[PDB]
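Just one chain is shown here, as structure tokens, and it is the form solved without the named molecule.
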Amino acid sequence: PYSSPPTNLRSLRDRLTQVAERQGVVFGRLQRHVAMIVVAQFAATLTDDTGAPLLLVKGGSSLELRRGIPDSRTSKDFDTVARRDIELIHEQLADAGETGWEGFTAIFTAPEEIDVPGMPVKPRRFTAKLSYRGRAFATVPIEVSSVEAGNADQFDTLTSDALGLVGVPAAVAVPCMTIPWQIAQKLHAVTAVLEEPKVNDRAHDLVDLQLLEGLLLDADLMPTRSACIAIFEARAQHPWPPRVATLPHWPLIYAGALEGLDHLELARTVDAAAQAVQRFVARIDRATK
């Protein structure tokens, strides 16, 4: 177990190689996970004047934090929800990246807005160029979206020991959007009907929705039902409860989304996945306050 932090990039990549092989994961998956953790630590330093998070992590990065690399889909985006205007978010991140964290620094590209149907303030996308001790390390796509209903009223705090395993001991603690709101948002996305030039490709959300249902265990579903109502009404598109339809090109997209998850108990076909998620929708709608 390394007693000092990596003295340079080459030492860091070499150490990541060894832990990846020891853990039986793909090197590039572990390296991308570490880049995401670093970006998340920068985001965790962003706080209002009472000390509460300004940014909550969501999406595939959140699921990898909750379940670990072996039990989560491979994803690349670092999706977040902000409680402040994004022009404030970008500058605060750029400040945090210059100061750095445990030898990591980052520079952020300019934010570009994205068109959306159902939120008045459009999300933003930019990239983080990471370096470790002066030398470029990795790039992370970043998406920042605005709060919806109560989806930033609370947060879970997740961790990862990946950097500790390579000799960087500082504690990792990442504020994340809670599961009820992740479910609401993925249920809306996976059932959305997009206009004629576009087509919904989000079969992978059917995998994540199965994973999120498992994470809720025997919890009461009332908070999830409430979150689902709030998001579907907030967006004012298709109504709650939706129909979990599959599109003709989804069979192979869903199969792609299962890559590396053979050891889990998941629906193995897109039809069975849609059936599972439809049962979850009905069970959510049933919950009685």
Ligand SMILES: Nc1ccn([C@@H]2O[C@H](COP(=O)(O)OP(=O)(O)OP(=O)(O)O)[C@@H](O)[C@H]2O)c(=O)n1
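One-based numbering along the sequence shown.
Below: the form deposited with the named molecule bound, not depicted.
You can rule out all but one of 164 to 172, 197 to 205, 95 to 103, 126 to 134: in the deposited bound form, only 197 to 205 has residues with a heavy atom within 4.5 Å of the named molecule. For the residues 214, 141, 150, 118, the 4.5 Å heavy atom test against the named molecule in the deposited bound form is passed only by 118. Checked against the named molecule in the deposited bound form, the residues 160, 74, 146, 210 give one hit for a heavy atom within 4.5 Å, which is 74. Proximity of residue 235 to the named molecule in the deposited bound form falls within the 4.5 Å heavy atom cutoff. At the 4.5 Å threshold, heavy atoms of residue 59 reach the named molecule in the deposited bound form. In the deposited bound form, the named molecule sits within 4.5 Å of a heavy atom belonging to residue 189.
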